[PDB]
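Here we start with a single chain on its own, the form deposited without the ligand, put down as structure tokens.
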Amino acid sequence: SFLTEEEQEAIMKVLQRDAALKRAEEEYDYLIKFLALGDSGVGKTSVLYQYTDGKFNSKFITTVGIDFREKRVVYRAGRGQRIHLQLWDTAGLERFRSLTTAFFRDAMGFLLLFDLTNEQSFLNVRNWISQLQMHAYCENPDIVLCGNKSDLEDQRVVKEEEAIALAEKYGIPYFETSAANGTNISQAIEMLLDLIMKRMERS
């Protein structure tokens, strides 16, 4: 035991959903797989919820292991390309660190979140990035940096240039988001989709 059966069958529910989804899309045109990561509480779930449903819940409900949201999107950079999105929402905790790290290998692009109001969020960005490229199934995976909780301008802590300096170092785009009001959330995600669908680089 020491792992609720109610805790485990939820994850197997998440696991069963993903199997069906894949068996369907190899039975819209493309299927693109995003994964969100960051310290627990930086708003990974609150972001994907805000992006896919335009809703936000103030009450903290930590993500048990792994979940994903879906969303149908039309892509444009000319022509309309239709897309099903799989947005993997990893638990940010240590207890689930192995289970989340496992699904790092199913994502085409990663949204890496820190909470603007919490130094550690930012600090641990360094590690999360090199764990991203440790555990990725293609050597330069695409990452978009998200300073989340930009709506708390009254409690922000990370300097913006400090974050774009960290962003410019690794060659990664940076967005200050708020899951509360949707600021830049669509723009940051679409930008990751941009990055991904340009990686289809013919030769």
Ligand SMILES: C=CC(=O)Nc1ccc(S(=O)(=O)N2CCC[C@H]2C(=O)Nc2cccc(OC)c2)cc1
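Start at 1 with the first residue shown and count on from there.
Enquirer: With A77 and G78 adjacent in the shown sequence, let me know how many deposited residues between them lack coordinates: none, 1 to 3, 4 to 9, or 10 or more.
Expert: Per the record, 4 to 9 deposited residues are absent between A77 and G78.
Enquirer: Unmodelled residues of the deposited sequence between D154 and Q155: none, 1 to 3, 4 to 9, or 10 or more?
Expert: Going from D154 to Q155, the model skips no residues of the deposited sequence.
Enquirer: Read off the CA B-factors in the entry, average them over 138-146 and over 38-46, and name the higher stretch.
Expert: Comparing 138-146 with 38-46, the higher average CA B-factor belongs to 138-146.
Enquirer: On average, are the C-alpha B-factors higher in 174-182 or in 157-165?
Expert: Looking at the record's C-alpha B-factors, the answer is 157-165.
Enquirer: In this PDB entry, which of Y51, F68, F60, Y30 has the top CA B-factor?
Expert: Top of the list by C-alpha B-factor: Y30.
Enquirer: Among the modelled residues of this chain, does the Cα B factor of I83 put it in the lowest, middle or highest third?
Expert: Its C-alpha B-factor, which the entry lists for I83, ranks in the highest third among residues of this chain.
Enquirer: Which third of the chain holds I11 when residues are ordered by C-alpha B factor: lowest, middle or highest?
Expert: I11: CA B-factor falls in the lowest third of its chain.
Enquirer: Thinking about Cα B factors across the chain, which third does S121 belong to?
Expert: As the PDB entry reports it, the C-alpha B-factor of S121 lands in the middle third of its chain.
Enquirer: Is the Cα B-factor recorded for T90 in the lowest, middle or highest third of its chain?
Expert: Lowest third.
Enquirer: Comparing against every modelled residue in the chain, figure out the third that the C-alpha B-factor of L99 lands in (lowest, middle or highest).
Expert: Middle third.
Below, we refer to the form deposited with the ligand bound, which is not included among the displayed structures.
Enquirer: Contact between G171 and the ligand in the deposited complex at 4.5 Å, heavy atoms?
Expert: Answer yes; at least one heavy atom of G171 falls within 4.5 Å of the ligand in the deposited complex.
Enquirer: Do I143 and the ligand share at least one heavy atom pair within 4.5 Å in the deposited complex?
Expert: Flag for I143 set to yes.
Enquirer: Given a 4.5 Å distance limit between heavy atoms, list every residue of 178-203 close to the ligand in the deposited complex, or none if there are none.
Expert: Counting only heavy atoms within 4.5 Å of the ligand in the deposited complex, the contacting residues of 178-203 are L195, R199.
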